[PDB]
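Structure data (PDB, C-alpha atoms and all ligand atoms) from start_0.pdb:
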ATOM      1  CA  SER I 104       0.000   0.000   0.000
ATOM      2  CA  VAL I 105       1.761   3.070  -1.414
ATOM      3  CA  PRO I 106       0.514   6.451  -0.062
ATOM      4  CA  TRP I 107      -1.021   9.008  -2.439
ATOM      5  CA  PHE I 108       1.549  11.114  -4.219
ATOM      6  CA  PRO I 109       1.330  13.879  -6.843
ATOM      7  CA  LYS I 110       1.547  12.638 -10.406
ATOM      8  CA  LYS I 111       1.815  15.999 -12.195
ATOM      9  CA  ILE I 112       2.738  19.535 -11.131
ATOM     10  CA  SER I 113      -0.875  20.680 -10.597
ATOM     11  CA  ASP I 114      -1.417  17.838  -8.115
ATOM     12  CA  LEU I 115       0.600  19.914  -5.629
ATOM     13  CA  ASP I 116      -2.664  21.886  -5.259
ATOM     14  CA  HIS I 117      -3.871  18.961  -3.110
ATOM     15  CA  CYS I 118      -1.006  18.825  -0.668
ATOM     16  CA  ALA I 119       0.511  22.320  -0.693
ATOM     17  CA  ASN I 120      -2.459  23.579   1.385
ATOM     18  CA  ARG I 121      -2.259  20.692   3.870
ATOM     19  CA  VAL I 122      -0.449  22.972   6.310
ATOM     20  CA  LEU I 123       0.122  21.418   9.721
ATOM     21  CA  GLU I 128      -0.146  31.122  14.151
ATOM     22  CA  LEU I 129       3.173  32.054  15.760
ATOM     23  CA  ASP I 130       5.246  30.115  18.305
ATOM     24  CA  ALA I 131       5.349  31.611  21.810
ATOM     25  CA  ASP I 132       8.948  32.811  21.413
ATOM     26  CA  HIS I 133       8.381  34.520  18.032
ATOM     27  CA  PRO I 134       9.547  38.167  17.937
ATOM     28  CA  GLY I 135       6.168  39.227  16.581
ATOM     29  CA  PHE I 136       4.133  37.042  18.976
ATOM     30  CA  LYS I 137       2.658  40.100  20.708
ATOM     31  CA  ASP I 138       2.587  42.265  17.575
ATOM     32  CA  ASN I 139      -1.005  42.534  16.348
ATOM     33  CA  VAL I 140      -0.040  44.437  13.202
ATOM     34  CA  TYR I 141       2.671  41.951  12.191
ATOM     35  CA  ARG I 142       0.168  39.152  12.932
ATOM     36  CA  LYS I 143      -2.244  40.806  10.534
ATOM     37  CA  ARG I 144       0.438  41.080   7.841
ATOM     38  CA  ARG I 145       1.280  37.385   8.268
ATOM     39  CA  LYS I 146      -2.393  36.496   7.817
ATOM     40  CA  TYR I 147      -2.296  38.454   4.548
ATOM     41  CA  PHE I 148       0.699  36.420   3.300
ATOM     42  CA  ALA I 149      -0.762  33.099   4.457
ATOM     43  CA  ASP I 150      -4.003  33.803   2.577
ATOM     44  CA  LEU I 151      -2.130  34.620  -0.664
ATOM     45  CA  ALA I 152      -0.516  31.178  -0.475
ATOM     46  CA  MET I 153      -3.702  29.334   0.475
ATOM     47  CA  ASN I 154      -5.595  30.882  -2.431
ATOM     48  CA  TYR I 155      -2.830  30.198  -4.956
ATOM     49  CA  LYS I 156      -3.435  27.432  -7.522
ATOM     50  CA  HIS I 157      -0.948  25.974  -9.940
ATOM     51  CA  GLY I 158      -0.997  28.011 -13.155
ATOM     52  CA  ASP I 159      -1.591  31.307 -11.340
ATOM     53  CA  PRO I 160       0.970  34.085 -11.533
ATOM     54  CA  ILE I 161       2.334  34.371  -7.994
ATOM     55  CA  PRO I 162       0.632  37.435  -6.445
ATOM     56  CA  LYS I 163       2.922  40.434  -6.398
ATOM     57  CA  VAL I 164       3.317  42.123  -3.055
ATOM     58  CA  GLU I 165       3.963  45.740  -2.181
ATOM     59  CA  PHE I 166       6.492  45.421   0.631
ATOM     60  CA  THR I 167       6.487  48.118   3.335
ATOM     61  CA  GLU I 168       9.396  50.483   4.024
ATOM     62  CA  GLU I 169      10.045  48.557   7.227
ATOM     63  CA  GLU I 170      10.148  45.186   5.402
ATOM     64  CA  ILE I 171      12.498  46.535   2.750
ATOM     65  CA  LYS I 172      14.802  47.953   5.418
ATOM     66  CA  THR I 173      14.942  44.548   7.168
ATOM     67  CA  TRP I 174      15.808  42.877   3.858
ATOM     68  CA  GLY I 175      18.442  45.542   3.120
ATOM     69  CA  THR I 176      20.135  45.066   6.465
ATOM     70  CA  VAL I 177      20.390  41.292   5.968
ATOM     71  CA  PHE I 178      21.367  41.614   2.288
ATOM     72  CA  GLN I 179      24.172  44.081   2.956
ATOM     73  CA  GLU I 180      25.858  42.054   5.665
ATOM     74  CA  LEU I 181      25.565  38.708   3.919
ATOM     75  CA  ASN I 182      26.964  40.046   0.639
ATOM     76  CA  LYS I 183      30.146  41.057   2.437
ATOM     77  CA  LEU I 184      30.619  37.378   3.422
ATOM     78  CA  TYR I 185      29.596  35.513   0.228
ATOM     79  CA  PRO I 186      32.863  36.014  -1.734
ATOM     80  CA  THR I 187      34.927  34.292   0.955
ATOM     81  CA  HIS I 188      32.317  31.732   2.095
ATOM     82  CA  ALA I 189      29.935  30.664  -0.689
ATOM     83  CA  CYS I 190      30.518  27.925  -3.261
ATOM     84  CA  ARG I 191      31.396  28.910  -6.818
ATOM     85  CA  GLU I 192      27.949  28.012  -8.174
ATOM     86  CA  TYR I 193      26.303  30.362  -5.686
ATOM     87  CA  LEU I 194      28.673  33.203  -6.600
ATOM     88  CA  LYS I 195      28.113  32.607 -10.313
ATOM     89  CA  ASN I 196      24.335  32.878 -10.079
ATOM     90  CA  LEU I 197      23.843  35.678  -7.541
ATOM     91  CA  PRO I 198      24.774  38.453 -10.068
ATOM     92  CA  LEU I 199      22.322  37.065 -12.617
ATOM     93  CA  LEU I 200      19.607  37.629  -9.970
ATOM     94  CA  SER I 201      20.702  41.214  -9.395
ATOM     95  CA  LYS I 202      20.439  41.764 -13.132
ATOM     96  CA  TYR I 203      17.213  39.964 -13.972
ATOM     97  CA  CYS I 204      15.148  39.821 -10.751
ATOM     98  CA  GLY I 205      15.933  43.101  -8.999
ATOM     99  CA  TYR I 206      18.067  41.897  -6.097
ATOM    100  CA  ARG I 207      19.114  45.182  -4.467
ATOM    101  CA  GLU I 208      19.478  46.503  -0.926
ATOM    102  CA  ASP I 209      16.381  48.690  -1.437
ATOM    103  CA  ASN I 210      14.196  46.226  -3.286
ATOM    104  CA  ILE I 211      12.746  42.850  -2.277
ATOM    105  CA  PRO I 212      12.487  40.611  -5.385
ATOM    106  CA  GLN I 213       9.030  39.326  -6.377
ATOM    107  CA  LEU I 214       8.549  35.550  -6.265
ATOM    108  CA  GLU I 215       6.883  35.585  -9.689
ATOM    109  CA  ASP I 216       9.986  37.169 -11.279
ATOM    110  CA  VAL I 217      12.320  34.726  -9.520
ATOM    111  CA  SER I 218      10.113  31.835 -10.590
ATOM    112  CA  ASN I 219      10.247  32.910 -14.247
ATOM    113  CA  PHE I 220      14.032  33.206 -14.032
ATOM    114  CA  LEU I 221      14.387  29.702 -12.555
ATOM    115  CA  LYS I 222      11.990  28.200 -15.095
ATOM    116  CA  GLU I 223      14.277  29.427 -17.900
ATOM    117  CA  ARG I 224      17.517  28.310 -16.196
ATOM    118  CA  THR I 225      16.702  24.869 -14.780
ATOM    119  CA  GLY I 226      12.959  24.347 -15.013
ATOM    120  CA  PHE I 227      12.566  25.082 -11.291
ATOM    121  CA  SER I 228       9.596  27.149 -10.215
ATOM    122  CA  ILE I 229       8.284  28.685  -7.021
ATOM    123  CA  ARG I 230       5.047  27.982  -5.172
ATOM    124  CA  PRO I 231       4.113  30.288  -2.284
ATOM    125  CA  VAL I 232       3.434  28.258   0.864
ATOM    126  CA  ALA I 233       1.347  29.299   3.857
ATOM    127  CA  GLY I 234       3.516  27.510   6.423
ATOM    128  CA  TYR I 235       4.972  24.122   7.442
ATOM    129  CA  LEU I 236       4.050  21.028   5.418
ATOM    130  CA  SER I 237       4.749  17.380   6.225
ATOM    131  CA  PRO I 238       8.173  16.338   4.952
ATOM    132  CA  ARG I 239       6.377  14.084   2.456
ATOM    133  CA  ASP I 240       4.455  16.994   0.961
ATOM    134  CA  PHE I 241       7.408  19.408   0.983
ATOM    135  CA  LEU I 242       9.756  16.957  -0.726
ATOM    136  CA  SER I 243       7.075  15.956  -3.233
ATOM    137  CA  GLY I 244       7.253  19.464  -4.721
ATOM    138  CA  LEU I 245      10.905  18.927  -5.577
ATOM    139  CA  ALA I 246       9.929  15.948  -7.788
ATOM    140  CA  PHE I 247       8.380  18.499 -10.185
ATOM    141  CA  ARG I 248      11.128  21.047  -9.608
ATOM    142  CA  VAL I 249       8.792  23.082  -7.421
ATOM    143  CA  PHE I 250      10.196  24.860  -4.393
ATOM    144  CA  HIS I 251       7.605  25.710  -1.732
ATOM    145  CA  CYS I 252       8.615  29.176  -0.700
ATOM    146  CA  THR I 253       7.653  31.620   2.094
ATOM    147  CA  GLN I 254       6.654  35.127   0.962
ATOM    148  CA  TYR I 255       6.584  37.039   4.258
ATOM    149  CA  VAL I 256       9.459  38.959   5.875
ATOM    150  CA  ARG I 257      10.895  38.358   9.357
ATOM    151  CA  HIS I 258       9.960  40.769  12.126
ATOM    152  CA  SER I 259      11.970  43.990  12.012
ATOM    153  CA  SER I 260      12.978  43.823  15.698
ATOM    154  CA  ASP I 261      15.576  41.151  14.885
ATOM    155  CA  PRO I 262      16.793  41.309  11.269
ATOM    156  CA  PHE I 263      19.689  38.962  11.895
ATOM    157  CA  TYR I 264      17.931  35.982  13.453
ATOM    158  CA  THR I 265      14.760  34.179  12.392
ATOM    159  CA  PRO I 266      13.398  30.980  14.027
ATOM    160  CA  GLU I 267      11.589  30.054  10.822
ATOM    161  CA  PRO I 268      12.118  30.379   7.083
ATOM    162  CA  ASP I 269      11.153  33.772   5.693
ATOM    163  CA  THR I 270      11.438  35.143   2.204
ATOM    164  CA  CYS I 271      14.917  36.571   2.899
ATOM    165  CA  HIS I 272      16.087  33.002   3.567
ATOM    166  CA  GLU I 273      14.358  31.763   0.404
ATOM    167  CA  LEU I 274      15.675  34.437  -1.935
ATOM    168  CA  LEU I 275      19.221  34.712  -0.616
ATOM    169  CA  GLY I 276      19.729  31.167   0.637
ATOM    170  CA  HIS I 277      17.869  28.870  -1.771
ATOM    171  CA  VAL I 278      17.255  30.553  -5.098
ATOM    172  CA  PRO I 279      20.837  31.076  -6.403
ATOM    173  CA  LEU I 280      21.522  27.356  -6.207
ATOM    174  CA  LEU I 281      18.190  26.288  -7.736
ATOM    175  CA  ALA I 282      19.457  28.210 -10.787
ATOM    176  CA  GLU I 283      22.363  25.726 -11.119
ATOM    177  CA  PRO I 284      21.611  22.642 -13.296
ATOM    178  CA  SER I 285      23.674  20.175 -11.207
ATOM    179  CA  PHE I 286      22.066  21.330  -7.947
ATOM    180  CA  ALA I 287      18.565  21.380  -9.496
ATOM    181  CA  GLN I 288      19.045  17.758 -10.605
ATOM    182  CA  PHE I 289      20.322  16.807  -7.139
ATOM    183  CA  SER I 290      17.320  18.456  -5.501
ATOM    184  CA  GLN I 291      14.783  16.990  -7.896
ATOM    185  CA  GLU I 292      16.094  13.477  -7.275
ATOM    186  CA  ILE I 293      15.476  13.836  -3.543
ATOM    187  CA  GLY I 294      11.855  14.651  -4.416
ATOM    188  CA  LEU I 295      11.566  11.799  -6.914
ATOM    189  CA  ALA I 296      12.940   9.294  -4.406
ATOM    190  CA  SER I 297      10.376  10.465  -1.861
ATOM    191  CA  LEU I 298       7.268   9.953  -3.998
ATOM    192  CA  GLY I 299       5.131   7.202  -2.468
ATOM    193  CA  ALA I 300       8.027   6.143  -0.259
ATOM    194  CA  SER I 301       7.652   4.710   3.232
ATOM    195  CA  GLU I 302       7.342   7.028   6.225
ATOM    196  CA  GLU I 303      10.773   5.749   7.301
ATOM    197  CA  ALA I 304      12.339   6.535   3.920
ATOM    198  CA  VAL I 305      10.758   9.981   3.720
ATOM    199  CA  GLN I 306      12.275  10.910   7.097
ATOM    200  CA  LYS I 307      15.730   9.736   6.041
ATOM    201  CA  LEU I 308      15.484  11.666   2.760
ATOM    202  CA  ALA I 309      14.351  14.736   4.722
ATOM    203  CA  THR I 310      17.428  14.549   6.962
ATOM    204  CA  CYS I 311      19.731  14.151   3.929
ATOM    205  CA  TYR I 312      18.003  17.187   2.379
ATOM    206  CA  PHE I 313      18.564  19.139   5.617
ATOM    207  CA  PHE I 314      22.305  18.429   5.709
ATOM    208  CA  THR I 315      22.856  19.262   2.050
ATOM    209  CA  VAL I 316      20.283  21.745   0.707
ATOM    210  CA  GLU I 317      19.856  23.590   4.029
ATOM    211  CA  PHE I 318      23.211  23.171   5.865
ATOM    212  CA  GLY I 319      25.633  21.585   3.417
ATOM    213  CA  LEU I 320      29.324  22.349   2.944
ATOM    214  CA  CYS I 321      31.297  21.339  -0.132
ATOM    215  CA  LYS I 322      34.960  21.015  -1.065
ATOM    216  CA  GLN I 323      36.137  23.090  -4.004
ATOM    217  CA  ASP I 324      39.739  23.486  -5.136
ATOM    218  CA  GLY I 325      40.762  22.091  -1.744
ATOM    219  CA  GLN I 326      38.759  24.638   0.236
ATOM    220  CA  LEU I 327      35.604  24.218   2.309
ATOM    221  CA  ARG I 328      32.726  26.295   0.921
ATOM    222  CA  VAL I 329      29.068  26.768   1.909
ATOM    223  CA  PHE I 330      26.069  25.734  -0.180
ATOM    224  CA  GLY I 331      23.391  25.191   2.495
ATOM    225  CA  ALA I 332      20.580  27.781   2.315
ATOM    226  CA  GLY I 333      20.205  27.986   6.104
ATOM    227  CA  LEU I 334      23.871  28.924   6.350
ATOM    228  CA  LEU I 335      23.753  31.330   3.399
ATOM    229  CA  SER I 336      20.992  33.382   5.093
ATOM    230  CA  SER I 337      22.439  33.341   8.638
ATOM    231  CA  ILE I 338      25.250  35.842   9.178
ATOM    232  CA  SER I 339      26.474  34.243  12.381
ATOM    233  CA  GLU I 340      26.328  30.581  11.383
ATOM    234  CA  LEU I 341      27.783  31.245   7.913
ATOM    235  CA  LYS I 342      30.920  32.531   9.653
ATOM    236  CA  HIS I 343      30.852  29.771  12.279
ATOM    237  CA  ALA I 344      30.594  26.986   9.697
ATOM    238  CA  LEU I 345      33.942  27.859   8.094
ATOM    239  CA  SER I 346      35.655  28.650  11.387
ATOM    240  CA  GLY I 347      37.900  26.119  13.114
ATOM    241  CA  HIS I 348      35.224  25.838  15.808
ATOM    242  CA  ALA I 349      32.849  23.709  13.716
ATOM    243  CA  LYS I 350      32.604  19.920  13.707
ATOM    244  CA  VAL I 351      32.680  18.531  10.158
ATOM    245  CA  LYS I 352      32.131  15.019   8.645
ATOM    246  CA  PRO I 353      31.948  13.703   5.086
ATOM    247  CA  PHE I 354      28.465  13.482   3.576
ATOM    248  CA  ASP I 355      27.432   9.821   3.754
ATOM    249  CA  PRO I 356      23.665   9.230   3.605
ATOM    250  CA  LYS I 357      23.590   6.095   5.824
ATOM    251  CA  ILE I 358      25.437   8.053   8.496
ATOM    252  CA  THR I 359      24.036  11.537   7.857
ATOM    253  CA  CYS I 360      20.389  10.375   8.088
ATOM    254  CA  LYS I 361      20.972   9.411  11.742
ATOM    255  CA  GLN I 362      21.831  12.983  12.721
ATOM    256  CA  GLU I 363      19.309  15.205  14.502
ATOM    257  CA  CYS I 364      18.169  18.348  12.680
ATOM    258  CA  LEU I 365      18.610  21.318  15.028
ATOM    259  CA  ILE I 366      16.322  24.316  14.487
ATOM    260  CA  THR I 367      16.923  26.930  17.217
ATOM    261  CA  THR I 368      20.710  26.665  17.576
ATOM    262  CA  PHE I 369      23.800  26.198  15.441
ATOM    263  CA  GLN I 370      24.155  22.686  14.078
ATOM    264  CA  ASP I 371      26.344  20.296  16.119
ATOM    265  CA  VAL I 372      27.915  18.939  12.938
ATOM    266  CA  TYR I 373      28.091  19.877   9.229
ATOM    267  CA  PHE I 374      28.472  17.434   6.369
ATOM    268  CA  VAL I 375      30.857  18.010   3.489
ATOM    269  CA  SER I 376      29.927  16.939   0.000
ATOM    270  CA  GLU I 377      32.679  16.488  -2.590
ATOM    271  CA  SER I 378      30.526  18.065  -5.320
ATOM    272  CA  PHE I 379      26.843  18.294  -6.217
ATOM    273  CA  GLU I 380      27.487  15.514  -8.727
ATOM    274  CA  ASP I 381      28.977  13.262  -6.050
ATOM    275  CA  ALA I 382      26.249  14.013  -3.512
ATOM    276  CA  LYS I 383      23.717  13.067  -6.211
ATOM    277  CA  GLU I 384      25.556   9.789  -6.879
ATOM    278  CA  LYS I 385      25.704   8.975  -3.165
ATOM    279  CA  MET I 386      21.960   9.578  -2.854
ATOM    280  CA  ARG I 387      21.265   7.262  -5.819
ATOM    281  CA  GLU I 388      23.142   4.468  -4.069
ATOM    282  CA  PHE I 389      21.363   5.218  -0.789
ATOM    283  CA  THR I 390      17.839   5.371  -2.196
ATOM    284  CA  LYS I 391      18.210   1.872  -3.654
ATOM    285  CA  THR I 392      18.607   0.599  -0.094
ATOM    286  CA  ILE I 393      15.420   2.254   1.205
ATOM    287  CA  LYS I 394      12.954   1.640  -1.676
TER     288      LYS I 394
HETATM  289  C1  LIG Y   1      11.837  18.121   4.468
HETATM  290  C2  LIG Y   1      12.680  19.171   5.196
HETATM  291  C3  LIG Y   1      11.947  19.677   6.454
HETATM  292  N1  LIG Y   1      10.717  20.435   6.111
HETATM  293  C4  LIG Y   1       9.505  19.872   6.272
HETATM  294  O1  LIG Y   1       9.409  18.733   6.720
HETATM  295  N2  LIG Y   1       8.357  20.590   5.939
HETATM  296  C5  LIG Y   1       8.490  21.876   5.442
HETATM  297  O2  LIG Y   1       7.458  22.490   5.141
HETATM  298  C6  LIG Y   1       9.722  22.393   5.290
HETATM  299  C7  LIG Y   1      10.812  21.680   5.623
HETATM  300  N3  LIG Y   1      11.904  22.411   5.375
HETATM  301  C8  LIG Y   1      11.472  23.570   4.911
HETATM  302  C9  LIG Y   1      12.357  24.739   4.490
HETATM  303  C10 LIG Y   1      13.182  25.210   5.670
HETATM  304  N4  LIG Y   1      14.288  25.928   5.520
HETATM  305  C11 LIG Y   1      14.755  26.172   6.735
HETATM  306  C12 LIG Y   1      15.849  26.837   7.127
HETATM  307  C13 LIG Y   1      16.128  26.946   8.425
HETATM  308  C14 LIG Y   1      15.302  26.402   9.323
HETATM  309  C15 LIG Y   1      14.203  25.746   8.920
HETATM  310  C16 LIG Y   1      13.919  25.623   7.627
HETATM  311  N5  LIG Y   1      12.916  25.013   6.968
HETATM  312  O3  LIG Y   1      15.752  26.639  10.586
HETATM  313  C17 LIG Y   1      17.137  27.003  10.365
HETATM  314  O4  LIG Y   1      17.172  27.573   9.034
HETATM  315  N6  LIG Y   1      10.151  23.595   4.848
HETATM  316  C18 LIG Y   1       9.360  24.785   4.365
HETATM  317  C19 LIG Y   1       8.822  25.489   5.458
HETATM  318  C20 LIG Y   1       7.938  26.536   5.222
HETATM  319  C21 LIG Y   1       7.391  27.244   6.291
HETATM  320  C22 LIG Y   1       7.733  26.900   7.600
HETATM  321  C23 LIG Y   1       8.615  25.852   7.849
HETATM  322  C24 LIG Y   1       9.158  25.153   6.776
HETATM  323 FE    FE Y   2      15.220  26.528   3.634
END
Would you give me this structure, written as structure tokens?
Ligand SMILES: CCCn1c(=O)[nH]c(=O)c2c1nc(Cc1nc3cc4c(cc3[nH]1)OCO4)n2Cc1ccccc1
Ligand SMILES: [Fe+3]
Amino acid sequence: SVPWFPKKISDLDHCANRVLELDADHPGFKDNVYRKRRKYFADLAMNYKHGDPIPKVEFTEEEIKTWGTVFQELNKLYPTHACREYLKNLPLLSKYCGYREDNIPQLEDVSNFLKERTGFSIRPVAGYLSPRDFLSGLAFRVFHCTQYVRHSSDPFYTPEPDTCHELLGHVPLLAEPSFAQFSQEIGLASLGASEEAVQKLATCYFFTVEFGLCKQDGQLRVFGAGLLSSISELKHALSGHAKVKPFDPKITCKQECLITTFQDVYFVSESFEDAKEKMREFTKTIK
């Protein structure tokens, strides 16, 4: 008995809304106005259907300032920290999608850019989905993406994904063919897979797509989106203070995914091609 899974891109309409409303420690928890703004974003995502243009948003001066603060600091770090594929694609986004300190890019523009480059596209998502449903988007080269901005009281830290994390952390690598293929194959492996297998694929995703390191020309570089949008952990990850291990799915999938602190350990992939090969070998063992 295989569980239901999407068979075509529009089938994500039936799981994208199955969202499993701020946590007590959220910076905007007591902010009625921010709460109202978040309801606005959540409704845009809930009402979205595949085929729609993604609704364009007029961001407030406050939201744009928060983005600018994060953008400015992270861009100082990227040349010495980010992998070559990230650095190659970031300027294309400045040119074609309006990445600037004083402008938050629109998801529809970024989606059109990705569609041309690698066939990836964006779907706005209200909030957290099951790992099964989130990974199933990747099978159709769909990235479920938050559209809201973090609270302005703390521009540097966010307990959840926001659109700064999506646009600065995830998008430049989805524009890279080798990474897009790697990501899609995680989604494909997940379709109709056992609960057990889905969880293991989710953890492998976490320690590559979200917090991965890679080796390039003998150096350690960052490709994980969660690192690329966190000023403090981006620096920490390439400091001598961090614990590092080679990416190895059978080992990596045993590691706990930390959400409110720095990771205990980071995994180093040799290349996106090699990570992809290692996942192919791994998925055979859990089908
Ligand atoms: C299968 C992987 C786990 N996983 C899941 O099971 N379901 C998801 O919906 C999911 C997810 N992962 C991410 C995307 C994501 N990026 C993150 C970056 C972070 C983070 C959490 C993140 N979740 O904390 C540290 O930095 N999402 C999208 C998401 C959207 C809105 C709120 C939370 C999460
Ligand atoms: Fe993420």
Checklist line | Residues within 7 Å of segment 220-237 of chain I, only C-alpha atoms, excluding chain neighbours under 4 positions, as an MDAnalysis selection string | finding: chainID I and resid 119 121:123 149 152:153 214 216 241 248:254 281:284 287
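Atom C1 of ligand LIG 1 (chain Y) is found 12.8 Å from atom CA of residue 291 of chain I.
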Check: Quick one: residues within 12 Å of segment 163-165 of chain I, all atoms listed in the file counted, chain neighbours fewer than 5 positions away excluded, as a list in words?
Finding: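 In the requested form, the answer reads residues 144, 147, 148, 151, 152, 155, 170, 171, 210, 211, 212, 213, 214, 215, 216, 217, 218, 231, 254, 255, 256 and 270 of chain I.
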Checklist line | Top pick for closest residue to residue 286 of chain I, considering I:315, I:104, I:370, I:339 and counting only C-alpha atoms | finding: I:315
Next item on the list: Determine the residue membership of the PyMOL selection byres (((not hetatm)) within 8 of (chain Y and resi 2)) for the file above and supply it as JSON, numbers by chain.
Entry: {"I": [268, 272, 273, 276, 277, 316, 317, 332, 333]}
Checklist line | Counting all atoms listed in the file, the residue of I:114, I:302, I:150, I:267 that sits nearest residue 134 of chain I | finding: I:267
Notebook entry, point to check: Separation of atom CA of residue 178 of chain I and atom CA of residue 327 of chain I, in Å?
Noted result: 22.5 Å
For ligand LIG 1 (chain Y), take all atoms listed in the file, fit an axis-aligned box around them, add 5 Å to each of the six sides, then output centre and edge lengths in Å rounded to one decimal, as lines of an AutoDock Vina configuration file.
center_x = 12.3
center_y = 22.8
center_z = 7.5
size_x = 19.8
size_y = 19.5
size_z = 16.2
Notebook entry, point to check: When you draw a straight line from atom CA of residue 360 of chain I to atom CA of residue 244 of chain I, how long is it in Å?
Noted result: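 Computing it gives 20.5 Å between the two atoms.
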Next item on the list: Any chance you could resolve the PyMOL selection byres (((chain I and resi 346) around 12) and not hetatm) against this file and give the residues as a list in words?
Entry: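 Selected by the PyMOL selection byres (((chain I and resi 346) around 12) and not hetatm) in this file: residues 187, 188, 327, 328, 329, 339, 340, 341, 342, 343, 344, 345, 347, 348, 349, 350, 351 and 373 of chain I.
Comparing the minimum interatomic distances between ligand LIG 1 (chain Y) and each of I:383, I:307, I:207, I:391, counting all atoms listed in the file, we find that I:307 sits nearest.
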Margin query: Using only C-alpha atoms for the distances, tell me which of I:298, I:179, I:186, I:200 is nearest to residue 238 of chain I.
Written below: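 Among the listed residues, I:298 lies closest to residue 238 of chain I.
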Just the residues within 10 Å of residue 382 of chain I, please, counting all atoms listed in the file, with nothing from its chain fewer than 2 positions along; format it as a short mmCIF file (atom, residue, chain, number, x, y, z; two decimals) with C-alpha atoms, in the frame of the given file.
data_model
loop_
_atom_site.label_atom_id
_atom_site.label_comp_id
_atom_site.auth_asym_id
_atom_site.auth_seq_id
_atom_site.Cartn_x
_atom_site.Cartn_y
_atom_site.Cartn_z
CA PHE I 286 22.07 21.33 -7.95
CA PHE I 289 20.32 16.81 -7.14
CA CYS I 311 19.73 14.15 3.93
CA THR I 315 22.86 19.26 2.05
CA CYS I 321 31.30 21.34 -0.13
CA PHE I 354 28.46 13.48 3.58
CA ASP I 355 27.43 9.82 3.75
CA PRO I 356 23.66 9.23 3.60
CA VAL I 375 30.86 18.01 3.49
CA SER I 376 29.93 16.94 0.00
CA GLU I 377 32.68 16.49 -2.59
CA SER I 378 30.53 18.07 -5.32
CA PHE I 379 26.84 18.29 -6.22
CA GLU I 380 27.49 15.51 -8.73
CA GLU I 384 25.56 9.79 -6.88
CA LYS I 385 25.70 8.98 -3.16
CA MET I 386 21.96 9.58 -2.85
CA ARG I 387 21.26 7.26 -5.82
#
Margin query: Just checking: using only C-alpha atoms and all ligand atoms, which residue out of I:159, I:138, I:116, I:240 ends up closest to ligand LIG 1 (chain Y)?
Written below: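 Using only C-alpha atoms and all ligand atoms, ligand LIG 1 (chain Y) sits closest to I:240.
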Item checked: Contact residues around residue 264 of chain I with all atoms listed in the file at 10 Å, ignoring same-chain residues under 2 positions, as a ChimeraX atom specification -> /I:134,177,257-258,260-262,266-267,336-339,367
Checklist line | Surrounding residues of residue 197 of chain I excluding itself and chain neighbours under 2 positions, 9 Å, all atoms listed in the file, as a ChimeraX atom specification | finding: /I:192-195,199-202,206,275,278-280
